[PDB]
Amino acid sequence: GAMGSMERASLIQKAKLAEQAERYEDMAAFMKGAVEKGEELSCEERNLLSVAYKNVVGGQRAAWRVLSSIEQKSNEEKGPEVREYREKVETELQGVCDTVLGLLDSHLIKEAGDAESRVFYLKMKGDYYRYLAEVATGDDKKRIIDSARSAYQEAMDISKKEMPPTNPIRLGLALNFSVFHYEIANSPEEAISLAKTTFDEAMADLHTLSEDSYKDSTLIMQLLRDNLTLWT
Amino acid sequence: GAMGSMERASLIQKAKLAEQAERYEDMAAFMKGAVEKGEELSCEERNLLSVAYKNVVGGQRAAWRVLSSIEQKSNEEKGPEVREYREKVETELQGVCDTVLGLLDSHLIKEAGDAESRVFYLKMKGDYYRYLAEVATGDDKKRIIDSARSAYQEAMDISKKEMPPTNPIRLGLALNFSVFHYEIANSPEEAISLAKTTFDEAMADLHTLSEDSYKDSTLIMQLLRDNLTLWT
Amino acid sequence: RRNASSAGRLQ
Amino acid sequence: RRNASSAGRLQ
Ligand SMILES: [Mg+2]
Ligand SMILES: [Mg+2]
Ligand SMILES: [Mg+2]
Ligand SMILES: [Mg+2]
Ligand SMILES: [Mg+2]
Ligand SMILES: [Mg+2]
Ligand SMILES: [Mg+2]
Ligand SMILES: [Mg+2]
């Protein structure tokens with residue numbers, strides 16, 4: 001608890017300042033601090049946690065892909081440096097994924113009783129196991145993929161019972177599970193069927209929304225469409 | 001010496017991999033390691049050191065300006081959080097500046113005998129004192145500004161005796177000293193006179209250059225011109 | 001392009 | 001604009 005001595009409200013305030021400053025490592029440390037106070041997170045606070053770690057692992061994943069690509073070219077028809085540096089980046093990425101999954105397990109998920117909070121955290125759990133799956137190569141890979149699938153499936157079952165088809169969390173979950181199917185599970189047809197069904201069911205529910213909800217739903221539906229255009 | 005156990009050649013190789021991956025903190029740690037081996041740096045190695053720290057302090061300076069701007073708005077016609085977080089960022093920025101100035105003093109500058117190496121390191125010394133000056137507010141500010149001025153002036157005296165007016169290090173030094181005059185020393189007229197004289201003397205020496213040297217010189221001369229257009 | 005995944009913030 | 005300073009790499 002590096003943030004153990006700071007007020008919860010001060011950690012949340014500083015997480016917002018870090019977002020404005022694009023200091024995403026600081027933002028993640030502040031939001032880890034806030035979570036470790038042991039209170040549940042509001043909608044906005046869950047978004048701060050998700051934004052902060054998304055951006056930290058986003059930069060690690062982009063770095064890993066650059067290095068892994070240089071490493072693969074070195075192994076076509078040199079020393080250990082490229083492998084060693086890819087491993088260093090990969091190890092730091094796995095640590096950030098382990099930290100997020102740790103917060104979800106201790107104790108965000110078990111205290112999340114509302115559909116919007118529970119689905120949000122289960123989606124995150126799927127996402128961080130998916131990032132681990134992206135770099136996994138040993139004995140653990142099958143179990144990592146199944147941990148992602150299981151978290152996403154539990155989130156999907158709740159979202160389908162409890163949320164309208166245009167709910168941005170439900171739409172964001174479905175988008176991410178479809179990327180899981182395409183990129184990780186080697187199931188491009190499942191990816192394409194989930195993205196299509198998700199898009200079509202949201203389309204048929206747009207008439208119920210305010211101009212502001214409409215704009216949040218259609219932004220994510222456009223990412224389903226961009227993926228389907230790429231995949232078909 | 002965190003990098004004490006890695007080969008100099010491995011640190012340089014990994015600094016290049018970090019640049020490709022945009023992992024500038026890693027790149028700076030690798031190049032600090034290389035410097036601490038105690039050998040002089042080649043031209044390309046000096047560029048790796050300069051790129052790595054430029055990008056690390058670049059992100060700290062951008063963060064500091066966002067926070068300092070929010071802090072100033074809070075003090076017009078709230079709690080300690082904005083001030084506390086600006087101070088945290090400012091303290092980390094000062095530490096990176098102290099680390100660079102430490103490497104220049106121990107022992108890059110005293111072993112730099114060639115004009116291109118000595119001017120490059122003195123320019124850097126001016127630059128990192130300038131970054132300190134940008135956030136300085138107490139008893140030390142006048143001495144920080146004078147440390148910048150003194151490093152830049154020594155670099156300018158050597159560049160004028162030893163380098164042609166189109167030398168990219170000489171041009172980059174003159175550009176940075178002119179920004180010092182305008183932004184730090186409150187001397188906009190000195191800024192404008194140095195940028196003009198630097199541009200005009202380089203223009204008159206372009207005829208001596210290869211198409212490749214021409215392209216390096218004119219890139220930096222365009223930044224002198226952009227500044228003069230902004231300042232006049 | 002690359003595969004698009006959801007933004008960090010959804011609403 | 002903001003004041004332009006030199007790139008990290010000069011040549
Ligand atoms: Mg309290
Ligand atoms: Mg309290
Ligand atoms: Mg088919
Ligand atoms: Mg088929
Ligand atoms: Mg050796
Ligand atoms: Mg050796
Ligand atoms: Mg005048
Ligand atoms: Mg005047």
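Residue numbers (the numbering used here), protein chains in the order written: chain A, 1 to 232; chain B, 1 to 232; chain C, 1 to 11; chain D, 1 to 11. Heads up, the beta-carbon is just placed ideally off N, CA and C, and yes, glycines get one too.
Does chain A have any CB closer than 8 Å to the CB of residue i?
i, result
"B:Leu223", "no"
"B:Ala21", "yes"
"B:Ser10", "yes"
"B:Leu17", "yes"
Any Cβ of chain C within less than 8 Å of the Cβ of residue i?
i, result
"A:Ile169", "yes"
"A:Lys54", "yes"
"A:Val57", "no"
Is any beta-carbon of chain D found at less than 8 Å from that of residue i?
i, result
"B:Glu183", "yes"
"B:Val96", "no"
"B:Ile220", "yes"
"B:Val119", "no"
"B:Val179", "yes"
Where does residue i fall in DSSP's three states?
i, result
"A:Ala34", "helix"
"B:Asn176", "helix"
"B:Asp139", "coil"
"B:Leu223", "helix"
"A:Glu7", "coil"
"A:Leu209", "coil"
"C:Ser6", "coil"
"A:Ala2", "coil"
"B:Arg170", "helix"
"B:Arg130", "helix"
"B:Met163", "coil"
"D:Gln11", "coil"
"D:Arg1", "coil"
"B:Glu25", "helix"
"B:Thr232", "coil"
Counting only Cβ pairs nearer than 9 Å, list the residues of chain C close to residue i.
i, result
"A:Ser42", "Neighbours of A:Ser42 on chain C: none; closest Cβ ~12 Å, over 9 Å."
"A:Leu230", "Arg1, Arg2, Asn3, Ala4"
How would you list, in chain order, the residues of chain B whose beta-carbon sits under 9 Å from the beta-carbon of residue i?
i, result
"A:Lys14", "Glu81, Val82, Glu84, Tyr85, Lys88"
Is there a Cβ from chain B that is less than 8 Å from the Cβ of residue i?
i, result
"A:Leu49", "no"
"A:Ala2", "no"
"A:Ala63", "yes"
Since residue i meets chain B, which of its residues come closer than 7 Å, beta carbon to beta carbon?
i, result
"A:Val66", "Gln20, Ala21"
Residues of chain D with a CB under 9 Å from the CB of residue i: which are they?
i, result
"B:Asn176", "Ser5, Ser6"
List the residues of chain A whose Cβ lies closer than 8 Å to the Cβ of residue i, in chain order.
i, result
"B:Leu93", "In chain order: nothing, as chain A lies at least about 12 Å away."
"B:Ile70", "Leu17, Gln20"
Which bits of chain D does residue i rub up against, with CB to CB less than 7 Å?
i, result
"B:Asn227", "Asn3, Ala4"
"B:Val35", "By Cβ distance, chain D contributes nothing, its closest Cβ being about 15 Å from B:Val35, past 7 Å."
Identify the contact partners of residue i in chain C, using a Cβ-Cβ distance below 7 Å as the criterion.
i, result
"A:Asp216", "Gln11"
For residue i, go through chain D and note every residue whose CB falls closer than 8 Å to its CB, in chain order.
i, result
"B:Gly172", "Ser6, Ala7, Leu10"
"B:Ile192", "Residues of chain D passing the Cβ test: none, with the nearest at roughly 12 Å."
Quiz item: Can you give, in chain order, each stretch of the alpha helix (DSSP H) that sits fully within the segment 40 to 124 of chain B and has at least 4 residues?
Solution: Complete alpha helix (DSSP H) runs here, min 4: 43 to 73, 81 to 103.
Quiz prompt | Ranges of the alpha helix (DSSP H) found wholly within the segment 179 to 206 of chain A, counting only runs of at least 4 | solution = With a minimum length of 4 residues, the continuous alpha helix (DSSP H) runs that stay inside the segment 179 to 206 of chain A are 188 to 203.
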